[PDB]
2 protein chains.
Amino acid sequence: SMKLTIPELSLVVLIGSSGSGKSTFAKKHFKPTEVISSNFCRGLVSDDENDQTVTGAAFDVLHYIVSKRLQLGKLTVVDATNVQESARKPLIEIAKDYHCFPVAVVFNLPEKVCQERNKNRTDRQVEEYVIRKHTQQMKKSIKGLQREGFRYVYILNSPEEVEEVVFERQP
Amino acid sequence: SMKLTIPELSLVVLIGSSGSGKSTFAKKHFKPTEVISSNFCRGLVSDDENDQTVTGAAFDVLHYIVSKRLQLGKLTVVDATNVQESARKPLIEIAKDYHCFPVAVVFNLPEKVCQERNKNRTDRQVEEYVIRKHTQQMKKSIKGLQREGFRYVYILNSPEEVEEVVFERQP
DNA sequence: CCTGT
DNA sequence: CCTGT
Ligand SMILES: Nc1nc2c(ncn2[C@@H]2O[C@H](COP(=O)(O)OP(=O)(O)O)[C@@H](O)[C@H]2O)c(=O)[nH]1
Ligand SMILES: Nc1nc2c(ncn2[C@@H]2O[C@H](COP(=O)(O)OP(=O)(O)O)[C@@H](O)[C@H]2O)c(=O)[nH]1
Ligand SMILES: [Mg+2]
Ligand SMILES: [Mg+2]
């Protein structure tokens with residue numbers, strides 16, 4: 001098994017390319033209200049979970065919900081790519097505002113895997129350049145995560161490692 | 001700063017080249033009796049902390065002491081290079097035997113810094129090739145530490161980061 | 001997907 | 001320093 005220890009007061013930030021399996025992973029390990037998805041927020045504001053033109057509004061809503069949850073001391077999982085430092089920054093800041101611990105969970109899978117999964121999706125597929133870009137951004141992000149303020153940094157390096165994950169929620 | 005959370009019952013495994021500052025770090029952050037040094041154990045068995053021919057006996061003694069401490073539920077820090085997977089393996093197994101949390105603290109410093117510190121030591125020095133090899137081994141070790149069984153993996157990427165470290169021991 | 005060409 | 005092959 002791959003045991004990932006997290007405090008009750010965690011902001012768990014999933015970091016991974018489109019096609020890396022973030023949403024599937026979130027559903028497997030967490031209750032629906034614990035997971036706040038950027039795509040779901042695109043849906044909330046626009047009726048379209050895949051409308052990229054409303055990204056600004058979607059993240060405003062996501063950050064607002066994250067703020068309310070952490071204020072109430074509720075463990076929260078951010079299901080978005082989080083592969084740009086500028087995306088992670090407000091999440092860290094909000095977590096610190098409410099004395100919650102940022103946790104990074106990185107889907108460090110080969111680009112080929114994500115591309116194959118994307119090609120086999122029966123839902124929204126992205127163009128190949130999106131996944132190539134996201135993967136490069138994810139890999140460039142790994143080294144600096146602790147310094148950004150992530151108190152726990154967990155890297156998953158293969159589908160086997162992802163599958164072996166067990167979260168251990170320390171009370 | 002750079003806060004590193006560790007549970008009260010931890011086996012903290014320092015990972016770094018000779019000259020990376022492991023022993024200094026251990027002295028700053030932990031009780032003298034919490035730190036078990038491989039060089040000290042070379043001294044215990046042979047009178048000579050620098051005698052590499054008694055390495056087998058020294059690590060036998062170190063492992064024995066670690067086992068006794070974890071049996072008694074006492075936090076323990078291994079002050080050795082730990083840059084070889086074969087060195088880390090038996091430590092992970094002892095922690096497992098006694099349900100102790102293994103923690104990795106990596107001194108990911110440039111070889112140049114370790115070489116300079118080594119050159120300026122007054123007590124004991126190693127050959128330059130040793131530090132070149134230790135640094136290569138340290139670097140190759142980073143990716144697989146979580147998979148080896150280290151439940152928390154902390155990488156320190158500069159002297160500035162090492163200096164900023166504060167441990168948070170959680171009851 | 002925090003928004004090609 | 002878990003001993004350069
Ligand atoms: N084989 C395999 N496929 C997966 C896994 N996780 C997700 N998928 C598939 O990959 C596609 C995208 O998964 P999703 O969770 O939406 O990834 P996301 O784009 O990062 O949110 C879907 O068709 C999933 O069924 C996995 O662990 N193994
Ligand atoms: N400038 C500076 N020198 C250090 C630091 N830590 C250790 N040193 C020096 O580097 C040399 C080796 O340090 P030591 O703790 O013995 O490292 P070790 O060989 O990895 O156990 C000693 O002479 C130390 O005084 C540090 O944080 N800053
Ligand atoms: Mg998704
Ligand atoms: Mg030392």
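When reading the values below, keep in mind they use all heavy atoms of this one structure, side chains included, and skip hydrogens, waters and symmetry mates. Each chain gets a letter, A, B and so on, in the order the sequences are listed, and its residues count up from 1.
Residue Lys89(B) has no polar side-chain atom (N or O) positioned under 4.0 Å from OP1 or OP2 of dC2(D). Here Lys133(B) does not reach the OP1 or OP2 of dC2(D): none of its side-chain N or O atoms lies under 4.0 Å away. Contact annotation: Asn39(B) reaches the phosphate of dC1(D) (side-chain N/O to OP1 or OP2, under 4.0 Å). Phosphate proximity of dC2(C) to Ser38(A): present, with a side-chain N or O under 4.0 Å from OP1 or OP2. The phosphate of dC2(C) (OP1 or OP2) has a side-chain N or O of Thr81(A) nearer than 4.0 angstrom. Within the 4.0 Å cut-off from OP1 or OP2 of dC1(D), not a single side-chain nitrogen or oxygen of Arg132(B) is found. For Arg42(A) and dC2(C), the shortest distance from a side-chain N or O to OP1 or OP2 is below 4.0 Å. Side-chain nitrogen and oxygen atoms of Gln136(A) include none within less than 4.0 Å of the OP1 or OP2 phosphate oxygen of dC1(C). For the OP1/OP2 pair of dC1(C) and a distance below 4.0 Å, the side-chain nitrogens and oxygens of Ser18(A) include at least one atom meeting the criterion.
Atom-to-atom, CE of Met138(A) to P of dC1(C) comes out at 14 Å; the value is rounded to the nearest Å. Taking atom CG of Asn50(A) as the reference point, atom P of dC1(C) lies 8 Å away to the nearest angstrom. Taking atom NE2 of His134(B) as the reference point, atom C1' of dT3(D) lies 10 Å away to the nearest angstrom. Rounded to whole Å, atom P of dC1(D) lies 15 Å from atom CZ of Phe40(B). Atom CG of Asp51(A) and atom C1' of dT3(C) are 9 Å apart (whole Å). The CZ-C1' distance, from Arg124(A) to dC2(C), rounds to 13 Å in whole Å. One interatomic measurement links the two molecules: CD of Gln137(A) to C1' of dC1(C), which rounds to 10 Å at whole-angstrom precision. As rounded to whole Å, 15 Å separates atom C1' of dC1(C) from atom CD1 of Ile15(A).
Of the listed residues (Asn50(A), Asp51(A), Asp47(A), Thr55(A)), just one forms a side chain to side chain donor-acceptor pair (under 3.5 Å) with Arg42(A), and that residue is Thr55(A).
When heavy atoms are screened at a 4.0 angstrom cut-off, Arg121(A) is found touching the sugar-phosphate backbone but no base atom. Residue-level contact check: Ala58(B) touches neither bases nor backbone, having no heavy atom under 4.0 Å from any strand.
Set against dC1(C), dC2(D), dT3(D), the side chain of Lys22(A) has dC1(C) as its closest nucleotide. Nearest to the side-chain atoms of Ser23(B) among the listed nucleotides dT3(D), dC2(C), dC1(D) stands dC1(D). Comparing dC2(D), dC2(C), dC1(C) by their nearest atom to the side chain of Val130(A) picks out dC1(C). Closest approach to the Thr55(A) side chain among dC1(D), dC2(D), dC2(C) is made by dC2(C) (side chain taken as heavy atoms from C-beta onward).
Adjacent nucleotides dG4(D) and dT5(D) miss the stacking criterion of ring centres closer than 5.5 angstrom and planes inclined by less than 30 degrees.
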Pairs under 3.5 angstrom only: tabulate donor-acceptor contacts from the side chains of residues 57-65 of chain B to other protein residues two or more places apart or in another chain.
from	atom 1	to	atom 2	distance (Å)
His63(B)	ND1	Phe59(B)	O	3.4

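Between the side chain of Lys133(A) and the main chain of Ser17(A), no donor-acceptor pair closer than 3.5 Å is present.
Using a 4.0 Å cut-off between a side-chain N of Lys or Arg and a carboxylate O of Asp or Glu, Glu164(B) and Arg147(A) qualify as a salt bridge.
Ring-to-base geometry does not place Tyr129(A) in a stacked arrangement with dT5(C) (centre distance under 5.5 Å, plane angle under 30° required).
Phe25(B) and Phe30(B) have tilted rings, their planes meeting at an angle from 30° to 60° on a 0 to 90° scale.
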Does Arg124(A) form a side chain to side chain contact (heavy atoms under 4.5 Å, CB included) with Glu49(A)? I'd like the steps, not just the answer. CA-CA 9 Å; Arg124(A) 51 100 203 265; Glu49(A) 300 208 355; 5.8 Å; no

